[PDB]
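Engineer: Here is my input; please provide its structure:
(chains A and B, ligands or ions: 3)
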Amino acid sequence: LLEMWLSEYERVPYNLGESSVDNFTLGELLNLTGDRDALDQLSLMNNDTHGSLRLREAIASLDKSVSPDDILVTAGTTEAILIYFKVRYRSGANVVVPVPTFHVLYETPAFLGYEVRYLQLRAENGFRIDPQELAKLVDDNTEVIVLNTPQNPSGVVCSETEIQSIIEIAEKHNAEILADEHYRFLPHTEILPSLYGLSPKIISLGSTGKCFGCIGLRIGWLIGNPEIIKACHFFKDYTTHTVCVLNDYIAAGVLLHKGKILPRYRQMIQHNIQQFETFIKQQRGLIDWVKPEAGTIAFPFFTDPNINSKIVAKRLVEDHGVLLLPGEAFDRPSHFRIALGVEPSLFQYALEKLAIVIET
Amino acid sequence: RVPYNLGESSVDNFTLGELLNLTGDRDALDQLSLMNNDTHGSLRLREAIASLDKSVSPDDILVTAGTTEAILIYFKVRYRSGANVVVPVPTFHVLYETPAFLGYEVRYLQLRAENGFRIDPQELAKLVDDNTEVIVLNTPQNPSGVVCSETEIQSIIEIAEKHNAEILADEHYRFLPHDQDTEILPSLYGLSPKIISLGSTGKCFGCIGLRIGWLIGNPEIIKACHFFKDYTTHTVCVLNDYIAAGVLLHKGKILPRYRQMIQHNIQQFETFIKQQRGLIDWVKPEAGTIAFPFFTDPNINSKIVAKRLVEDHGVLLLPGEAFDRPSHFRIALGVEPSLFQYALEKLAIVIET
Ligand SMILES: Cc1ncc(COP(=O)(O)O)c(/C=N/[C@@H](C[C@H](O)CNC(=N)N)C(=O)O)c1O
Ligand SMILES: [Mg+2]
Ligand SMILES: [Mg+2]
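Structural biologist: Numbering: from 1, shown residues only, chains lettered A, B, ... in the order given. Ligands and ions are numbered 1, 2, ... in the order given. Structure data below:
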């Protein structure tokens, strides 16, 4: 459903249904990172099968708990999720996935034969993970606990105490924690710290794609102990083998020049959060949300349980060209996902047309 | 990481600037948006691929991150319990290892140098069940260089269609025939509805690192592979996509240099065979970037000779034990002839001991 909507309306002029920020052109990004003149001397032979040292050092430099040898660069975290769950699969294993979340986090394990146990997060509870309700789902057969923080679609950041309880549940059942830290670069602190150092059972996923305006580079990474890195590196030979030295190199300069990129998008998000709080006040209780704390998305809802966002989302895109992602893509029919990393004129235009559809 | 690597199956790879000076796509890259690429691959790339064969249309193609991803997705969607796949060996290890990870039963068709590493269709038909879902047809062959003949293809088509099995034709090296007349080998995709074709610019055009390949099939297999690619990489970069498209559109500015290097090295290796006076032989390759010669002495272990060669001389050959052919070794033809000749003289020195 997430792919059904975002592909059918990929070319609409007012697209708020995606989770990436406004993407650069290659020339725009190179004017900020300064990596242009170095590209022509890059060899088109196979890249380092872990990713180049330049990229792994830039990733490792972000956290004192991370060293360059802990990192395996992948073609987005979509590949990293696939290889990680493949390596961890055994017969009779289950995984715990809080939902709403990115569909790949529970659909890939289902394809691989895992038993998938869902922890339904709810807006009434602030989309927060209750560790006593999480502890009900964790077996000795539970091998992976998915921890998407900042959350897609809600934007909720796990608190330090929530993390400590989840660490305790995982270590008790000897389960690993797959911490998808995609949106750590856009707090609403400069960046959120990685969870990789907090427990030996934590494996971290990261990427430049959503936060830096370069989703198309297809660069992600996995952080883990040497044994899980060796096992994932082995199986990546049967997925894509390597990523291109150019994508690798361009993403490295992005992280090394994050100060030229992330603040401008933070200001863009902060204005749009204000624009949506204005919209919530004007709607007088019809629209509410769990306020997001970090990332690129929000998951507001109609307070009337009868309204289907898909019906409102359909009329909005056909009559006005404005795309919102209906919450059915997350099994939350009253919610909808809205993109925060867009130009505020575009964000406000969408609210103005959404108001028109609400009236009529 | 040794400096004199003849163990790879790619040709001498360009730098990005060297490749762009031949295709002319440099100035166009800066206006490309870093939003998601077309989830089928760009039209420019899919049209450039389709233009190579009259049987291929732009809508038949799914661009992937190398054929490694195409192999993974194709075998994944086709898997069912009790299925088997038939793999002629020696071949590229992914062609039988990925189906093994996915739960397929793998039936190996042993190819032999005595028979020229050619496919025996009557012995192949002994391996094909009603449970056989895929028949792997890597032509030109890695490592031998063998090109499947027109009659061999029709026999394989006959066995597959009789048992309702599909044919996975890994046509990676179709861009480097060794005969002077034809420029590139034709795609097998038009010959039967059971044929799914894999291609790539990587090994033949000196840009293996771009990670660009493609899969060709009927709309249901294209729709099914496109669906599962959402769980592998979703898309390939618009930049790599765009560069590979310009490579295909300017193949005439690229392939001739590699053709001359391969034939020059085949000639140098034929000279080396004459000097060795029967100790070295090979099935002469017909197309591609590699050869699979062997020692005629049953006592020589290529792994030992390859080991001494790389430690004392810095020259890497791929020992045939990697293909369960201990007397063989794989040597790269797409290197500079001066490097190819350096390797032969040093391999001769190692042979004298
Ligand atoms: C937390 C989180 N982790 C990982 C990924 C995968 O993104 P990536 O790491 O592979 O770039 C996403 C992707 N969110 C996008 C979908 C992609 O844009 C398209 N679908 C695939 N790429 N499979 C969206 O939800 O709208 C995500 O939100
Ligand atoms: Mg560090
Ligand atoms: Mg055509």
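Engineer: what's the span of stretch A:90-105 from first residue to last?
Structural biologist: Start-to-end span of stretch A:90-105 (CA to CA, to the nearest Å) is 17 Å.
Engineer: Show me which residues of it are buried.
Structural biologist: Across stretch A:90-105, burial judged by 16 or more other CB atoms under 10 Å in any protein chain shown covers A:93-105. All C-beta atoms are positioned from the backbone trio N, CA, C, and that covers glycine.
Engineer: so how far is that stretch off the chain centroid?
Structural biologist: 15 Å (CA atoms, centre = their mean, to the nearest Å).
Engineer: again with stretch A:62-69
Structural biologist: Using CA atoms, centre = their mean, the offset of stretch A:62-69 from its chain centre is 20 Å.
Engineer: Which residues does it contact?
Structural biologist: A:53, A:56-57, A:59-60, A:191, A:193-194, A:196-198, A:204, A:223, A:226, A:229, A:255 (CB atoms under 8 Å, 6 or more residues apart in numbering or on different chains).
Engineer: Name the nearest of those relative to chain B.
Structural biologist: residue A:53 (13.2 Å; CB to the nearest CB).
Engineer: For residue A:336, identify the helix or strand it belongs to.
Structural biologist: strand A:336-339 (DSSP states H and E).
Engineer: quick one: contacts of that strand?
Structural biologist: A:15-21, A:153, A:276, A:296-301, A:309, A:312-313, A:324-327, A:329-330, A:347, A:350.
Engineer: switch the cut-off to 6 Å
Structural biologist: By CB atoms under 6 Å, 6 or more residues apart in numbering or on different chains, the residues outside strand A:336-339 that reach it are A:16, A:18, A:153, A:297-299, A:309, A:324-327.
Engineer: show me the contacts for residue A:262.
Structural biologist: Here residue A:262 is in contact with residue A:185 (criterion: CB under 6 Å, 6+ apart).
Engineer: quick one on the thing from earlier: mind giving me CSV with the buried residues of stretch A:90-105 and columns for secondary structure and distance to residue A:123?
Structural biologist: Conversion of the buried residues of stretch A:90-105 to CSV gives the following (DSSP: H, G, I helix; E, B strand; the rest coil; distance: CB to CB, whole Å):
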residue, secondary structure, distance to residue A:123
A:93, coil, 31
A:94, strand, 26
A:95, strand, 24
A:96, strand, 20
A:97, strand, 18
A:98, strand, 13
A:99, strand, 13
A:100, coil, 10
A:101, coil, 14
A:102, coil, 18
A:103, coil, 19
A:104, helix, 23
A:105, helix, 19
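Engineer: Of the contacts of strand A:336-339, grab the buried ones for PyMOL.
Structural biologist: Command for PyMOL that selects the buried part of the contacts of strand A:336-339, burial taken from 16+ other CB under 10 Å:
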select buried, chain A and resi 16+18+153+297+298+299+309+324+325+326+327
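Engineer: Spatially, which two of the contacts of strand A:336-339 are the most separated?
Structural biologist: Distances among these were taken as CB to CB; the most separated pair is A:18 and A:309, at 16.2 Å.
Engineer: separation between the residue nearest the centre of chain A and residue B:175?
Structural biologist: Nearest to the mean C-alpha position of chain A, by CA atoms, centre = their mean, lies residue A:182 at 4.2 Å. The gap separating residue A:182 from residue B:175 is 38 Å, by CB to CB, to the nearest Å.
Engineer: got it, and residue A:348?
Structural biologist: 52 Å.
Engineer: quick one: the strands in the stretch 51-200 of chain A?
Structural biologist: Assigned by DSSP state E, counting those that start in this stretch, the strands in the stretch 51-200 of chain A fall at A:71-74, A:94-99, A:115-120, A:142-148, A:176-180.
Engineer: what packs against the helix or strand following the last one?
Structural biologist: Secondary structure here is assigned by DSSP H and E; on that basis, the next helix or strand after strand A:176-180 toward the C-terminus is strand A:202-207. With contacts taken as 3 or more CB pairs under 6 Å, 6 or more residues apart in numbering or on different chains; DSSP states H and E, strand A:202-207 sits against helix A:76-88, strand A:176-180, strand A:220-223.
Engineer: Skip the chain neighbours and tell me the closest residue to the residue of the stretch 51-200 of chain A at minimum distance from chain B.
Structural biologist: Closest contact between the stretch 51-200 of chain A and chain B, by CB to the nearest CB, is at residue A:75 (4.3 Å). With CB to CB, 6 or more residues apart in numbering or on different chains as the criterion, residue A:75 has its nearest non-adjacent residue at 4.3 Å, and that residue is residue B:233.
Engineer: that older thread, with respect to ligand 2, which of the strands of the stretch 51-200 of chain A lies nearest?
Structural biologist: Set against ligand 2 and scored by CB to the ion, the strands of the stretch 51-200 of chain A come closest in strand A:71-74, at 9.7 Å.
Engineer: Pairing partners for that closest one, with directions?
Structural biologist: Sheet pairing for strand A:71-74, assigned by DSSP bridges, gives strand A:220-223 (antiparallel).
Engineer: show me the contacts for the one residue in chain A that gets nearest to ligand 2.
Structural biologist: Ligand 2 sits closest to residue A:60 of chain A, with a gap of 4.0 Å, by CB to the ion. Contact analysis of residue A:60 by CB under 6 Å, 6+ apart lists A:66-68.
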